[PDB]
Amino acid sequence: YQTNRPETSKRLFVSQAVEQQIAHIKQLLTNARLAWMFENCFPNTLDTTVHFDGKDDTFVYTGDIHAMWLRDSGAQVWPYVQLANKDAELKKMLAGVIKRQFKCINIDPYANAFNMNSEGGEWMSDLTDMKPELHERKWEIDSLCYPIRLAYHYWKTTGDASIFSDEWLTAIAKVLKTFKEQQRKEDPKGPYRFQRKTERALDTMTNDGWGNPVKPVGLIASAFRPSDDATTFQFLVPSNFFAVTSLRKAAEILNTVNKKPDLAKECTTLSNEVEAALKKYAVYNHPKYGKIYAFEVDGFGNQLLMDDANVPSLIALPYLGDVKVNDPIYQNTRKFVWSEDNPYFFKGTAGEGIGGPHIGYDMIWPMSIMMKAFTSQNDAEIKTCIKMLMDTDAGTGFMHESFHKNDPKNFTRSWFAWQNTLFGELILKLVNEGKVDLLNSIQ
């Protein structure tokens, strides 16, 4: 099992703590293919996408899409944070990612994807207010949450509050401004409008670039989902849940570190407003499953019942920490989304799981199977998930965006560093929780 990592000399960033963690997990695992896949995937972000300048900046590419997503970058380095106290260079690089993220938010808090400098690119032609520092300007609530999540974990783990600079203060004020704009209370249209001349229906917005109507009940409108597909009803439930938790983290930072209580209070009160509106509008009494969370709602009474593989998703709510895994409405939702009552759940000869309209019919995303494992309370279920992930990689040793339910050799995104990070993180979690016997029972 020769590694599919790049040759040592070609790896973009090296962490001694990451290398020792990998050596350790390989030693513990008896399944040689699993160990090989772990080694391929866990460090892929560092091997292939990290540009650390040695000082205060880290730019992080997604993989086979050559720009930096706020979402991807916040996830791509997530499991490394727990190693930061053992590795000074790793710690500096992580602080650089967070500092870069806040600078990106400051450039445009509506934008999902950024260039390293001012290169422009193919989406300068989009019918929206573009700057050459942007790769793409799809408004996605979760773009602003992932950096807050990363920064909070980095701070709690390391005690290093120096990331909460004047650029952070500018950024978090932009986050509040943007979230409140997108409650669309005074104007159904507003400051964010997006169209693109494209054949892909979900890469442009309905109603002349304004999206489908919302009734302004307190939820935050998201123009696009974490899949980068346009929302159908703009009050995207998983992303609103993620906003609640992220604003509360922000409030704690603002009170404790910055002594900026007015901004903290604005975060707290907005979080409570969004949470109250989720309780009032995001629940659907399903005749089969009982009370479940809707995927998207419009505030008029429409509720879209589905899930999409991309995190934040319904199945992943407890992974991000937005609900407790025991939440009865979550457990009902979990049963619903992993069934043929979900329009984007697919089952065939090669496996089963959730995809979405991004790639279309019958294309299962490994992320959904990973999130089923992350949120499982049952060993047999976790084992089934891990074996499926091993048996649906087309022998590449990496995580893909999606694969066909009847043929894993038909797959999308060969080099998707967020997904590789998630797989490494999953295996590490399971080993650290004392479940190496379960993994070693895979023959």
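Residue numbers run from 1 along the displayed sequence.
Q: If you average the CA temperature factors over each stretch, which comes out higher, 411-419 or 390-398?
A: Taking the mean C-alpha B-factor of 411-419 and of 390-398, the larger value falls to 390-398.
Q: Comparing 78-86 with 133-141, which has the greater mean CA B-factor as deposited?
A: Here the higher of the two C-alpha B-factor means belongs to 78-86.
Q: Of the options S271, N285, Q101, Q303, which has the highest CA B factor as deposited?
A: Highest C-alpha B-factor among the listed residues goes to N285.
Q: Highest Cα B-factor in the PDB entry belongs to which of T58, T62, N40, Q377?
A: That would be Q377, according to the entry.
Q: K156's Cα B-factor: lowest, middle or highest third of the chain?
A: Top third by C-alpha B-factor.
Q: Could you tell me which third, lowest, middle or highest, the C-alpha B-factor of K291 occupies within its chain?
A: Its C-alpha B-factor belongs to the highest third of this chain's values.
Q: By its CA B factor, does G218 count among the lowest, middle or highest third of the modelled residues in the chain?
A: Answer is middle: the recorded C-alpha B-factor places it there.
Q: Name the third of the chain's ranked CA B-factors that contains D327, choosing lowest, middle or highest.
A: Highest third of the chain for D327's C-alpha B-factor.
Q: Within this chain, which third does the Cα B-factor at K372 fall in: lowest, middle or highest?
A: It falls in the middle third of the chain.
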